[PDB]
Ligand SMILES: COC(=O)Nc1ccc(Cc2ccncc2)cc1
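Just the one chain here, laid out as C-alpha cells, in the form deposited without the named molecule.
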C-alpha cells in the first residue's frame, strides 16, 4: 500500500535492531570482533562492522536513509562469510540465519520509504 511518512523508517529500524539483539544468533556480532581472540582478523577484513556501531550511527542521526543502514548490516554478514574457514562453521551458521531474518523484516521498511519519496515528488510545489 502507498505510504506517506518520509521519517518512519528510523523508528522501524530501532525496533528491528531490538529484535536482533534479543535473538541468540546475534551474540557474535553485538560488539566489534576482538583482535585478541582472532589475531589475523584485519589481514582478511578491510572494514569491521557490528550491531552496536549500527545502532550508535542511527541514534547519532548519521544515516540519511534506511538504504545506508541496510548496507552496514549487510557488511556484518559478508565479513562473517569472508572470515569463516568453513561454510559449516558455528559463527557463519549464525550469521547466515540472522541474514535471512533481517532480509524478511527490512523489505517493507525499504518499500515504504521509497513510496513516501515518490509521494513527496508528486507534490513538489513550483508555483510559489
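Positions refer to the first chain, counted from 1.
Although it is not shown, the form solved in complex with the named molecule is what the next lines describe.
Although the partner is absent here, residue 34 lies within 4.5 Å of the named molecule in the deposited complex, judged by heavy atoms.
Proximity of residue 58 to the named molecule in the deposited complex: non-hydrogen atoms within 4.5 Å are absent; the residue sits far from the partner. Applying a 4.5 Å heavy atom cutoff to the named molecule in the deposited complex picks out 80, 83, 84, 85, 89 from 66-89, in order along the sequence.
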